[PDB]
Amino acid sequence: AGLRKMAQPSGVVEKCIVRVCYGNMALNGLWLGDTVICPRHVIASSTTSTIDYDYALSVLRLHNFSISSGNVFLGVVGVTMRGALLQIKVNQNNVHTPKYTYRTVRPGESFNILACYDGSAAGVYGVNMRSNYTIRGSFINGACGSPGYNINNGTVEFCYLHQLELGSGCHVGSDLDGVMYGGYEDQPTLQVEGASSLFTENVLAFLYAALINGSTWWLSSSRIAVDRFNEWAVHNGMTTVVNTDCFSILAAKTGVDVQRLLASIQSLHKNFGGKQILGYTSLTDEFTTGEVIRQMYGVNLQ
Amino acid sequence: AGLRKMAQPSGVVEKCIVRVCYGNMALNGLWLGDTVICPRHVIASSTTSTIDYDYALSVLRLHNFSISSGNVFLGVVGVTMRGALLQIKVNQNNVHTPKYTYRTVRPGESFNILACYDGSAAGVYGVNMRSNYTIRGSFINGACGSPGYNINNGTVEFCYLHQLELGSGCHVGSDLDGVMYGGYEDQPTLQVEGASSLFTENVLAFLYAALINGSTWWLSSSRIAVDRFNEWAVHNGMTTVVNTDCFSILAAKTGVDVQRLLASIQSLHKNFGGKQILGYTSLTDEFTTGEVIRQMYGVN
Ligand SMILES: CC(C)(C)c1ccc(N(C(=O)c2c[nH]cn2)[C@@H](C(=O)NC2CCCCC2)c2cccnc2)cc1
Ligand SMILES: CC(C)(C)c1ccc(N(C(=O)c2c[nH]cn2)[C@@H](C(=O)NC2CCCCC2)c2cccnc2)cc1
């Protein structure tokens, strides 16, 4: 019983964190094989104005780097640009490199953040990529380079390196190929995130979990067609629903079909009437169907 | 900026999880030094009816245990009873045992849960001990023996070993000395948890975190004294405010006194759910002052 946002165990990722310092800038890097990957703004001089990163790298002084895993210091062999990241070739292989891949996540997908400071893991929590390509993180100064990851069958899938915080407090990263999520710039210029729409498929997964956990007061006798809901959704800050075959077994276990939940979402989007659903007082879109099925039943969909 | 319920990195505890099987029962244990600690109901026969744990232990055959760390099986050399736990002596020392202590937590305290199945960690998340001595976990069958703990300067402080789930879904465990939180029985019974209440000291911590993050729409322009709030609190599902010293550090940084936050709690309670605070239910009680200070300022 229960539904909690949770992270996968962080042990295999913890051994990949290093401290990367250039001059007076210090942040975190990921050490995999003989490469350290980190945000390129570690070589930015000052926080304003626009940075010519190509020029900065051209006048780089390699011995001005300090890269360490605990008190293991890594010598820098070379540095090249990789989008919004640096690829730093170092002189030692991380013998604790896990089996890993890179994958770029899409809005609505969940992953784990390993929040790091001074090159050491400090905390771990689950996040979900918003439609505006930001995440609801908790980071303070020094967390840049903190990685986001999933673990599938022993393979670490890296999908995020923390880059910056927008004025509203939402958090922006790049994928490990250096492509910034949402096209935000790694520059100090003013930029604002777009509006956030609730990922409706995730809201549906949450309401199914609510039913499985005995929360039913909110459920509607009505029902609304997918097509009609989608018309309403785009005027009410929620995404459209594409298809319901991922709710197949959830629909069977509870007896409630998507159309009934869609009508429930419409009533609950205003307010919860002073009531709560699993402790929430507004709809949450942070849980995917995969997370719900895993937490309800211990099945990992592939 | 931001506020999230965070777990500490779980690596040092992952290496201490083992699978403990006896008869038709399988759960998780904690392997520290040459001992494996697990709930004693692993030696109960079935779940249909009550059993005498002392009798169960008196006729136990050591070789009926199967205890494994990964694919490495441990020999069992002795077993004794420790409250609602077993202390199983094994024939190998865990070379990955961290520096560790035990401590029994109080209602309102936070700790980390490493949710485990078949002797291997599956997820990690923070919790907070409720006033009825339950936690709001996420567990399914086979999670028993999952540990709860805190990490302070590399020392692991174990405070919880998961024992059972109640009808309402809340979760019951024991401390590592075998003392069940809340006095619940490790028996198949009709027991139900006591009344739940919001932990007001944690709501105060959360509201300070909101202020630190620039959230002020809910801040009352007036104040209420603690004694008057405590009268109201016990009639509105909240705990009384007993210790105020823990908020000195947060008042010193926000310049907002506790009395003003108490008046804000009353107003939030009267329109419960009308607006979120930092993307949370306004009367969130899962964050402690310690958690807020760490996340806002990095201070240990
Ligand atoms: C150079 C550049 C791209 C402008 C920059 C500057 C600072 C940082 N921030 C580092 O904390 C940091 C810097 N170097 C090591 N850490 C922080 C940050 O984003 N403030 C923002 C201020 C407005 C516009 C620039 C970014 C930060 C804080 C909290 C959580 N996340 C990040 C990130 C990027
Ligand atoms: C023997 C005893 C004390 C009655 C018992 C029986 C079953 C378990 N539960 C095991 O899953 C389990 C048991 N052994 C290995 N796994 C589950 C459980 O609590 N059902 C309860 C049924 C009502 C009251 C008794 C316990 C469980 C589920 C989810 C999370 N936590 C635990 C726990 C304790």
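Every chain is numbered from 1, with letters handed out A, B, ... down the list of sequences.
Remark: side-chain polar atoms of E109(A) are not paired, donor with acceptor, to backbone N or O of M129(A) under 3.5 angstrom. In this structure, the side chain of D175(A) does not engage the main chain of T104(A) through any donor-acceptor pair within 3.5 Å. Not one N or O on the side chain of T289(B) forms a donor-acceptor pair closer than 3.5 Å with the backbone of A205(B). No donor-acceptor pair under 3.5 Å is formed between the side chain of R4(B) and the backbone N or O of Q295(B). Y208(A) places a side-chain N or O within 3.5 Å of a backbone atom of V256(A) that can act as its donor or acceptor partner. Judged by distance alone, with hydrogens and angles left aside, the side-chain atoms of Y125(B) form no donor-acceptor pair with the main-chain N or O of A115(B) at under 3.5 Å. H171(A) places a side-chain N or O within donor-acceptor distance of the main-chain N or O of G137(A), the cut-off being under 3.5 Å. Of the possible polar contacts, one joining the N128(A) side chain to the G108(A) backbone as a donor-acceptor pair under 3.5 Å is found. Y133(B) places no side-chain N or O within 3.5 Å of a backbone atom of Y184(B) that could act as its donor or acceptor partner.
Residues in residues 56-82 of chain B take part in no salt bridge (charged side-chain N to carboxylate O under 4.0 Å, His left out) pair, two or more places apart or across chains. Applying the salt bridge (charged side-chain N to carboxylate O under 4.0 Å, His left out) test to residues at least two apart or on different chains, the pairs with a partner in residues 83-95 of chain B are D34(B)-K89(B).
Separating the CD atom in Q163(B) from the CE atom in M180(B) is a distance of 4.0 Å, to the nearest 0.5 Å. Distance CD1/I88(A) to CD1/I37(A): 8.5 Å, rounded to 0.5 Å. If you take OG1 on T35(A) and CG on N93(A), they are separated by 8.5 Å, rounding to the nearest 0.5 Å. Atoms SG and CZ, from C159(A) and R106(A) in turn, are 12.0 Å apart once rounded to the nearest 0.5 Å.
A 4.5 Å side-chain heavy-atom check between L176(B) and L30(B) finds at least one atom pair inside the cut-off. Residues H41(B) and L27(B) meet the side-chain proximity criterion, which asks for heavy atoms closer than 4.5 Å.
Classification of the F206(B)-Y280(B) ring pair by plane angle, with boundaries at 30° and 60°, yields perpendicular. In this structure, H162(B) and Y160(B) have parallel ring planes: the angle between them is below the 30° cut-off, well short of the 60° mark.
Counted by atom type alone, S168(B) and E193(B) present one or more donor-acceptor pairs between their side chains at under 3.5 Å. A donor and an acceptor atom, one from each side chain of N213(A) and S215(A), are nowhere located under 3.5 Å apart. Checking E291(B) against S110(B) by side-chain atom types alone, a donor-acceptor pair falls below 3.5 Å. Neither side chain, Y117(B) nor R19(B), offers a donor N or O lying under 3.5 Å from an acceptor on the other.
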Subject >> Steps toward side-chain contact (heavy atoms from CB on, under 4.5 Å) verdict (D285(B), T200(B)) >> reply: CA-CA 7 Å; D285(B) 73 342; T200(B) 300; over 6 Å; no
Subject >> Derivation and outcome, salt bridge (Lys or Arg N to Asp or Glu O under 4.0 Å), residues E286(A) and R136(A) >> reply: CA-CA 10 Å; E286(A) 302 209 346; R136(A) 183 177 70 95; 2.6 Å; yes
**OP:** Verify side-chain contact (heavy atoms from CB on, under 4.5 Å) between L74(B) and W31(B), making sure each step is shown before the conclusion.
**Re:** CA-CA 10 Å; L74(B) 306 176; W31(B) 182 24; 3.7 Å; yes
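With sequence neighbours excluded, no residue forms a side chain to side chain contact (heavy atoms under 4.5 Å, CB included) with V95(A).
Ring centroids of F65(B) and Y22(B) are separated by less than 6.0 Å, placing the two rings close together.
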